[PDB]
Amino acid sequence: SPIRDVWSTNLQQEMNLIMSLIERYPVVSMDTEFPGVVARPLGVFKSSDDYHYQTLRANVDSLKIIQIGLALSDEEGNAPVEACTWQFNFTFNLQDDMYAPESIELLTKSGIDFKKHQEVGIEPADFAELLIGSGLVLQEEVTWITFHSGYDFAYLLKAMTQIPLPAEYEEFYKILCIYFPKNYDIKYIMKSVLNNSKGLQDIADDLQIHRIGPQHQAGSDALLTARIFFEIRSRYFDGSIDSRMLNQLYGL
């Protein structure tokens, strides 16, 4: 089982496992699945970067996370034999929660069992308490990697701080850099630096990287993100990512 699935019933067991591994496998790749974008901000803003943040803020605050994928690697890009990736499945209620009906349809066709999420879905507050104590955050020794990172980190921040996201991007960025002092945004790298526009899967296809698991599920996407990072690091950066790219978020 290259993919370890996590529900409320084995949350502690799985976080313990990740904790025992993080020192030997200090690169964390993450992806998230949430109920889509439901609405856009109306009015006028300070900028396009500001427009993007307000869009993120409104949506992250209102819509509940459905999955988070975490894939661990060592610095050479090797995964632990224990697991290629973890898939954390969170509590969600189709009768009671806000979502775009289209996103739900896509996730269902993607394999998600919304019944199980309602029954044994993880509470984000429980996950966040363990994540905070895990050694994965607040530690400059750990590298976080994400494709399109505003949404991913925002959902973690939301779970960890248990308060609304900062009104302004500058403060959001400050907090983000506290909990995730060392991070790379693959979207920023691919598009803003290397001028390549393609999406996760497209990029994946060119690099002939084989997907493990279903598309649109966080565990699989997190693994794919890891493999894309290390291949790009190797092909275009000769072994080491440029430090000027650290903590640079795409579109913000």
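All residue numbers refer to positions in the sequence shown, first residue = 1.
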Given 161-169 and 71-79, the range whose Cα B-factors average higher in the PDB entry
161-169
Decide which of the stretches 242-250 and 3-11 has the higher mean C-alpha B-factor, going by the entry.
242-250
Criterion, highest CA B-factor; candidates, 221, 50, 185, 33
50
Identity of residue with top Cα B-factor, from 28, 38, 60, 189
38
Record-listed C-alpha B factor of residue 125: chain third:
middle
Of the three thirds of the chain ranked by Cα temperature factor, residue 197 occupies the highest
B-factor third for the C-alpha atom of residue 149 within its chain:
middle
Just say lowest, middle or highest third for the CA B-factor of residue 101 relative to the other modelled residues in its chain.
middle
With respect to C-alpha B-factor, does residue 94 fall in the lowest, middle or highest third of the chain as deposited?
highest
